[PDB]
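Chemist: need a structure here:
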Amino acid sequence: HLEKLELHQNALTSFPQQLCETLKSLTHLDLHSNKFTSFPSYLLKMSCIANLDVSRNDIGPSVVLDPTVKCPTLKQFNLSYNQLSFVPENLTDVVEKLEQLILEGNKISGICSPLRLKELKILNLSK
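Modeler: Residues are numbered from 1 along each chain as shown. The relevant structure is shown in the block below.
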């Protein structure tokens, strides 16, 4: 019954899986300014999460999410500032109710995908 959890500005790497399966009610989770090296991609396998925030870590290129998962409850996916050379190669199939896709400050350089999301409101691709 935690309903929010802030682990930002630590030296955390690789947030564990059984803690996600335990945390069945985090409607908000921010873990930025950490030394994350890749997106765990099971953090979307929680029950009811919005405002997932991984925004100052160093998530390497090819941040593609696992296609065999569904998180139809996100509202913010702040993957800002890390290292992303491309957009997350599966967005239209895992985060289908996303609103604030924030990809600013990354090293995105290529011509982007069709980006077939259906409810974006604040798209950010600066820097």
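
Chemist: I'd assumed residue 49 was in contact with residue 95.
Modeler: No. Counting by C-beta atoms under 8 Å, no contact exists between residue 95 and residue 49, whose distance comes to 10.5 Å. Where C-beta positions appear, they are placed from N, C-alpha and C, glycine not excepted.

Chemist: dig out what the residue nearest the centre of the chain forms beta bridges with.
Modeler: Central residue check for the chain by C-alpha atoms, centre = their mean: the C-alpha nearest the mean position is that of residue 77, 4.6 Å away. According to DSSP bridges, the partner residues bridging residue 77 are residue 52, residue 101.

Chemist: quick revisit: overlap in contacts, residue 95 and residue 49.
Modeler: Each of 71, 74 lies in contact with both residue 95 and residue 49 under the rule C-beta atoms under 8 Å, 6 or more residues apart in numbering.

Chemist: ok so, going back, who are the neighbours in contact with the residue nearest to the centre of the chain?
Modeler: Taking C-beta under 8 Å, 6+ apart as the criterion, residue 77 is in contact with 52, 95, 98, 100-102.

Chemist: swap the cut-off to 7 Å and go again
Modeler: When contacts are counted by C-beta atoms under 7 Å, 6 or more residues apart in numbering, residue 77 touches 52, 95, 98, 101.

Chemist: how about residue 113?
Modeler: residue 87.

Chemist: Three-state assignment for it, please.
Modeler: Following DSSP: H, G, I helix; E, B strand; the rest coil, the label given to residue 113 is coil.
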